[PDB]
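Student: So that you have it, the file is upload-v3.cif, and it contains mmCIF, C-alpha atoms and all ligand atoms:
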```cif
data_upload
#
loop_
_atom_site.label_atom_id
_atom_site.label_comp_id
_atom_site.auth_asym_id
_atom_site.auth_seq_id
_atom_site.Cartn_x
_atom_site.Cartn_y
_atom_site.Cartn_z
CA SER A 5 -0.04 12.53 77.21
CA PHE A 6 2.73 12.78 74.54
CA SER A 7 1.41 13.89 71.13
CA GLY A 8 2.72 14.44 67.61
CA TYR A 9 5.73 12.12 67.96
CA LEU A 10 7.13 10.01 65.12
CA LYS A 11 7.70 6.39 66.16
CA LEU A 12 11.28 5.23 65.38
CA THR A 13 11.27 1.86 67.18
CA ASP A 14 9.14 -0.14 69.61
CA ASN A 15 10.22 2.23 72.47
CA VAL A 16 11.81 5.37 70.94
CA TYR A 17 9.76 8.36 69.67
CA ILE A 18 10.93 11.74 68.30
CA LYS A 19 9.51 15.24 67.68
CA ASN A 20 10.78 18.71 66.60
CA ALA A 21 10.07 20.59 69.81
CA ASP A 22 11.45 22.81 72.51
CA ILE A 23 11.84 20.49 75.54
CA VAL A 24 10.89 23.31 77.94
CA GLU A 25 7.60 23.90 76.11
CA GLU A 26 7.01 20.15 75.88
CA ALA A 27 7.63 19.66 79.61
CA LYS A 28 5.25 22.55 80.50
CA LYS A 29 2.49 20.95 78.38
CA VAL A 30 2.90 17.30 79.36
CA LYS A 31 4.18 17.58 82.97
CA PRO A 32 5.89 14.22 82.52
CA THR A 33 7.00 12.04 85.37
CA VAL A 34 10.63 12.51 84.26
CA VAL A 35 12.33 15.17 82.19
CA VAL A 36 16.04 14.57 81.36
CA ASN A 37 18.55 17.37 81.68
CA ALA A 38 21.75 17.52 79.61
CA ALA A 39 23.83 18.18 82.71
CA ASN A 40 27.55 18.62 83.46
CA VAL A 41 29.33 17.08 86.46
CA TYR A 42 29.02 20.31 88.49
CA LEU A 43 25.30 20.74 87.74
CA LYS A 44 26.11 24.28 86.49
CA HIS A 45 23.10 24.91 84.24
CA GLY A 46 24.46 27.79 82.13
CA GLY A 47 23.50 27.10 78.58
CA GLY A 48 22.08 24.62 76.10
CA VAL A 49 19.19 22.48 77.33
CA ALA A 50 20.34 22.88 80.98
CA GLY A 51 20.34 26.69 80.81
CA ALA A 52 16.88 26.65 79.22
CA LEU A 53 15.35 24.21 81.79
CA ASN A 54 16.87 26.12 84.68
CA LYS A 55 15.60 29.48 83.36
CA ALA A 56 12.07 27.99 83.10
CA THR A 57 12.29 27.10 86.86
CA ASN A 58 13.22 30.70 87.72
CA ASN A 59 16.66 29.38 88.90
CA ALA A 60 15.10 26.97 91.46
CA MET A 61 16.85 24.07 89.62
CA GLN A 62 20.25 25.74 90.12
CA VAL A 63 19.59 26.47 93.84
CA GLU A 64 18.65 22.82 94.44
CA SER A 65 21.62 21.63 92.36
CA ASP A 66 24.11 23.73 94.32
CA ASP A 67 22.88 22.18 97.60
CA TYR A 68 23.21 18.68 96.00
CA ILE A 69 26.82 19.33 94.92
CA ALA A 70 27.76 20.87 98.28
CA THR A 71 26.59 17.62 99.96
CA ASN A 72 27.66 14.98 97.41
CA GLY A 73 30.40 16.41 95.20
CA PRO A 74 30.34 16.23 91.42
CA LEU A 75 28.74 13.52 89.33
CA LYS A 76 30.78 11.21 87.06
CA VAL A 77 30.73 11.65 83.27
CA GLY A 78 28.20 8.97 82.22
CA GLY A 79 26.38 9.28 85.58
CA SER A 80 23.16 10.84 86.80
CA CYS A 81 21.14 11.97 89.77
CA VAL A 82 17.38 12.42 90.34
CA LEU A 83 16.27 15.83 91.61
CA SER A 84 12.99 17.74 91.58
CA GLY A 85 11.29 18.56 88.28
CA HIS A 86 10.04 21.86 89.78
CA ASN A 87 7.26 23.31 87.56
CA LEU A 88 8.31 21.18 84.57
CA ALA A 89 7.91 17.53 85.66
CA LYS A 90 7.62 15.39 88.80
CA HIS A 91 11.40 14.62 88.61
CA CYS A 92 14.43 15.80 86.65
CA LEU A 93 16.97 13.13 85.77
CA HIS A 94 20.27 15.05 85.37
CA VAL A 95 22.42 12.94 83.03
CA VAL A 96 26.04 13.73 82.11
CA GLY A 97 26.94 12.78 78.58
CA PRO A 98 30.60 13.23 77.49
CA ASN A 99 31.47 16.73 76.28
CA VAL A 100 33.65 16.28 73.16
CA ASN A 101 34.49 20.10 73.33
CA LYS A 102 36.17 19.38 76.73
CA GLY A 103 37.94 16.22 75.33
CA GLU A 104 35.76 13.59 77.04
CA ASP A 105 35.52 10.01 75.82
CA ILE A 106 32.58 9.47 73.40
CA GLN A 107 32.31 5.75 74.51
CA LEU A 108 30.86 7.10 77.76
CA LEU A 109 27.72 8.04 75.81
CA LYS A 110 26.34 4.48 76.10
CA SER A 111 26.85 4.54 79.90
CA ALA A 112 25.03 7.93 80.02
CA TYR A 113 21.99 6.51 78.14
CA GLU A 114 21.87 3.42 80.46
CA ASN A 115 20.61 5.79 83.20
CA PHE A 116 17.36 6.10 81.25
CA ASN A 117 16.58 2.40 81.87
CA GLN A 118 15.83 3.10 85.54
CA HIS A 119 12.63 5.03 84.48
CA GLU A 120 9.66 3.58 82.62
CA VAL A 121 8.98 6.69 80.54
CA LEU A 122 11.03 9.89 79.95
CA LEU A 123 10.97 13.14 78.02
CA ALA A 124 14.61 13.71 76.91
CA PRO A 125 17.05 15.55 74.63
CA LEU A 126 19.73 13.73 72.59
CA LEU A 127 22.69 13.35 74.93
CA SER A 128 26.02 14.96 74.06
CA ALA A 129 24.47 16.85 71.13
CA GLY A 130 24.50 20.65 70.69
CA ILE A 131 27.17 22.42 72.71
CA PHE A 132 28.47 19.05 74.00
CA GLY A 133 29.99 18.56 70.54
CA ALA A 134 29.04 15.00 69.54
CA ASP A 135 27.38 13.92 66.26
CA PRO A 136 23.61 13.86 66.93
CA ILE A 137 23.11 11.03 64.39
CA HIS A 138 25.48 8.93 66.50
CA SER A 139 23.68 9.98 69.70
CA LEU A 140 20.31 8.82 68.30
CA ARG A 141 21.80 5.45 67.27
CA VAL A 142 23.30 4.89 70.75
CA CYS A 143 19.94 5.90 72.29
CA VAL A 144 17.99 3.36 70.19
CA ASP A 145 20.56 0.62 70.86
CA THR A 146 20.78 1.25 74.64
CA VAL A 147 17.49 2.51 76.05
CA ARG A 148 14.78 -0.16 76.55
CA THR A 149 12.24 2.02 78.41
CA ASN A 150 9.89 4.46 76.60
CA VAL A 151 11.76 7.60 75.58
CA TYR A 152 10.23 10.70 73.92
CA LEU A 153 13.01 12.72 72.27
CA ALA A 154 12.55 16.47 71.73
CA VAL A 155 14.85 17.91 69.04
CA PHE A 156 15.01 21.68 69.08
CA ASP A 157 16.52 22.35 65.66
CA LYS A 158 14.09 21.78 62.78
CA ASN A 159 16.86 21.19 60.29
CA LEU A 160 18.55 18.61 62.52
CA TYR A 161 15.18 16.87 63.22
CA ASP A 162 14.67 16.41 59.44
CA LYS A 163 18.18 15.09 58.99
CA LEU A 164 17.78 12.63 61.95
CA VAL A 165 14.50 11.18 60.60
CA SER A 166 15.66 10.93 56.97
CA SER A 167 18.96 9.22 57.87
CA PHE A 168 17.56 6.80 60.52
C1 LIG A 201 16.61 26.24 74.27
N1 LIG A 201 16.80 24.82 74.51
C2 LIG A 201 15.53 24.19 74.82
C3 LIG A 201 17.79 24.13 73.82
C4 LIG A 201 19.07 24.62 73.69
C5 LIG A 201 20.04 23.89 73.05
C6 LIG A 201 19.69 22.67 72.51
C7 LIG A 201 20.68 21.96 71.63
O1 LIG A 201 21.85 22.29 71.61
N2 LIG A 201 20.18 21.05 70.78
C8 LIG A 201 21.03 20.30 69.86
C9 LIG A 201 20.25 19.06 69.39
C10 LIG A 201 18.82 19.45 69.07
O2 LIG A 201 18.50 20.22 68.18
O3 LIG A 201 18.00 19.09 69.94
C11 LIG A 201 21.47 21.10 68.65
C12 LIG A 201 20.94 22.35 68.34
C13 LIG A 201 21.32 23.02 67.19
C14 LIG A 201 22.25 22.43 66.35
BR1 LIG A 201 22.79 23.33 64.78
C15 LIG A 201 22.78 21.20 66.64
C16 LIG A 201 22.39 20.54 67.78
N3 LIG A 201 18.46 22.16 72.62
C17 LIG A 201 17.53 22.88 73.26
#
```
Rewrite the structure from the file as structure tokens, please.
Tutor:
Amino acid sequence: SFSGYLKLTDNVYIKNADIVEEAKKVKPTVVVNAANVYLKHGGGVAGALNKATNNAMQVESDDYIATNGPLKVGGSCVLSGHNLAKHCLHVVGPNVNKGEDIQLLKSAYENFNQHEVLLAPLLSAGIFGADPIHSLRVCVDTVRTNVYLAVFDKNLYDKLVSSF
């Protein structure tokens, strides 16, 4: 069902796209959220995915945190995909703007290996403060399952492809 992606490796594909619009079109089995440990979906990819669910993602997430407590940086949980996907894999990459350890980015991407195919953003990019070129390299060197990366910024997409 994924179309228009550029093949980077045997299992990693990339496209300049809005992940909300991509999820609505494909209805993938798994969409990845760029979550924080509290599952507070305020901004970035998480704010956009939650807004597209009419806040149902945040209501489910608040019940999950009330029962389980916060996730670990580098960890994940599987919740509903609502109207976007069958499932949402909420993955916590390190937030460099909060002083978190960038080495945890490889542990964050290892969560993707529990799912055969995923629609995902680049972890720790954007408002999480990491270098997206680095994030793409860790993705390619860590994920072994089939990952379809949606890169929102056209200018960054071009830089990622040309420097790969
Ligand atoms: C509205 N939603 C869907 C998004 C909100 C935010 C983001 C997001 O921060 N994306 C990252 C990586 C990327 O482009 O994918 C980013 C954006 C701009 C610059 Br400049 C640098 C990095 N991605 C999506």
Student: I'd like to know which of A:121, A:142, A:77, A:131 is closest to residue 6 of chain A, using all atoms listed in the file.
Tutor: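 Closest to residue 6 of chain A of all the choices is A:121.
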Student: Residues at most 10 Å from ligand LIG 201 (chain A), using all atoms listed in the file? Could they come as a count of residues only?
Tutor: 43
Student: Under the rule that only C-alpha atoms are counted, which of A:147, A:140, A:123, A:63 is the nearest residue to residue 165 of chain A?
Tutor: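 Going through A:147, A:140, A:123, A:63 one by one, the smallest distance to residue 165 of chain A is for A:140.
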Student: Show which residues sit within 9 Å of residue 40 of chain A, as JSON, numbers by chain. Count all atoms listed in the file, and ignore same-chain residues fewer than 6 positions away.
Tutor: {"A": [50, 74, 75, 76, 77, 94, 95, 96, 97, 98, 99]}
Student: Using Å and a single decimal, report how far atom CA of residue 46 of chain A sits from atom CA of residue 60 of chain A.
Tutor: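 So the two atoms, atom CA of residue 60 of chain A and atom CA of residue 46 of chain A, lie 13.2 Å apart.
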Student: What is the atom CA of residue 72 of chain A to atom CA of residue 119 of chain A distance in Å?
Tutor: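 Those two atoms sit 22.2 Å apart.
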Student: Please report the interatomic distance between atom CA of residue 111 of chain A and atom CA of residue 57 of chain A in Å with one decimal.
Tutor: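 Interatomic distance here is 27.7 Å.
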Student: Considering only C-alpha atoms, state which residue in the set A:18, A:71, A:39, A:102 is at the smallest distance from residue 162 of chain A.
Tutor: A:18
Student: Grab all the atoms of segment 86-103 of chain A that the file lists, wrap them in a box along x, y and z, add 5 Å per side, and give me centre plus edge lengths in Å (one decimal) as AutoDock Vina command-line options.
Tutor:
```
--center_x 22.6 --center_y 18.0 --center_z 81.5 --size_x 40.7 --size_y 20.5 --size_z 26.6
```
